[PDB]
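Next comes just one chain, in C-alpha cells: the form deposited in one PDB entry.
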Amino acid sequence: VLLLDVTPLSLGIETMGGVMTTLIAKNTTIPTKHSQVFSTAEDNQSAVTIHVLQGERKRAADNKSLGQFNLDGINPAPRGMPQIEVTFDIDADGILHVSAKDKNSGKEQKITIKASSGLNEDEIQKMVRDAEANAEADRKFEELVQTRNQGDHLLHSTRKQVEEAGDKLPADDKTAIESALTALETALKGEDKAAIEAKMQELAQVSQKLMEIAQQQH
C-alpha cells in the first residue's frame, strides 16, 4: 500500500488523579479494537465517569477532550472490586466507539466520536512538540499521581484493617496509627510528593502491630 491510515495521536481515558491512560497508542493502524479493565475508587461508588481524551500528555487536562459519559447502576462493593471494561473500537471509517460495560450488572454505556473529531493537523503537530518538550514535567506529574493514589490506597486499607482488628490492636498502636492517617489524609490534599511519602512512611512505621494482626486474620 502507498498509504496507511494510522492514529496520529494516542486515544484514552482520564483515570484517578487526572491522568490520561492510553487504550490506543499513537500510530496504530485502523481498524482496531482495544479493551482494558478498570474499577471504582470508593467503597459503594455507584457510577464512573468515562472521559475520552486524545493526545500524548500525561495530564488529562492537557489533552484534547473528545467527550465524556457516565456508567451508573454499579452495585455496592468495596473499592477496586467492580470490573468496568472499557473498549476503544475504531472502525474502517475512522469512527471511534468507546463503551464501558459493568461485568456484574451487565450494564453498558457508549459514546461515538466522528472521524473528524479532535485536533486538526496544526494542533496535532503542536501536541507532539508539547509532549516532547515536556517529558520531564509530565514524568514528575505522573509520579506524583502514582504516589498520591498509593497514599490513598494505604489510607483506605489501614482504616479497614483498624476496623477488622478492633480490640486486637493495643490502645497505643491505634492512637499512633490514627494520628498518622489524619496527617496522611492531610498530605494527600497538597502537591508535595515528598510530604505524602513522609506521611506514608510514618504510617508504615507505626502500623507494624496492625500489619501482623491483619496478616494473622486470613
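One-based numbering along the sequence shown. Only the largest set of C-alpha atoms that superpose within 1.5 Å between the two forms is called the rigid core.
Q: Could you tell me which of the two stretches, 81-89 or 144-152, has its Cα atoms lying farther from the shown structure in 9 other deposited structures of this protein after fitting on the rigid core?
A: This comes out as 144-152, the stretch further from the shown form in 9 other deposited structures of this protein.
Q: Of the stretches 163-171 and 188-196, which sits farther from where it is here in 9 other deposited structures of this protein, on average over its Cα atoms, after fitting the core?
A: It is 163-171 whose C-alphas lie farther from the shown form in 9 other deposited structures of this protein.
Q: If you average the Cα B factors in the entry, which is higher, 61-69 or 167-175?
A: For C-alpha atoms only, the mean B-factor is higher in 167-175.
Q: Regarding 81-89 and 116-124, which shows the higher C-alpha temperature factor on average in the entry?
A: Between 81-89 and 116-124, it is 116-124.
Q: So if I compare the CA B-factors in the entry for 37, 50, 154, 30, which one is the largest?
A: Out of 37, 50, 154, 30, the record gives the largest C-alpha B-factor to 30.
Q: At the C-alpha atoms, which of 144, 100, 96, 133 reaches the highest B-factor in this entry?
A: Comparing C-alpha B-factors across 144, 100, 96, 133, the top value belongs to 133.
Q: Should residue 137 be placed in the lowest, middle or highest third of its chain by the C-alpha B factor in the entry?
A: Answer is highest: the recorded C-alpha B-factor places it there.
Q: Split the chain's modelled residues into thirds by Cα B-factor; is residue 150 in the lowest, middle or highest one?
A: It belongs to the lowest third of the chain when residues are ordered by C-alpha B-factor.
Q: Considering only modelled residues of the same chain, in which third does the CA B-factor of residue 54 rank: lowest, middle or highest?
A: Bottom third by C-alpha B-factor.
Q: Looking at the C-alpha B-factor of residue 162, is it in the lowest, middle or highest third of its chain?
A: Highest third of the chain for residue 162's C-alpha B-factor.
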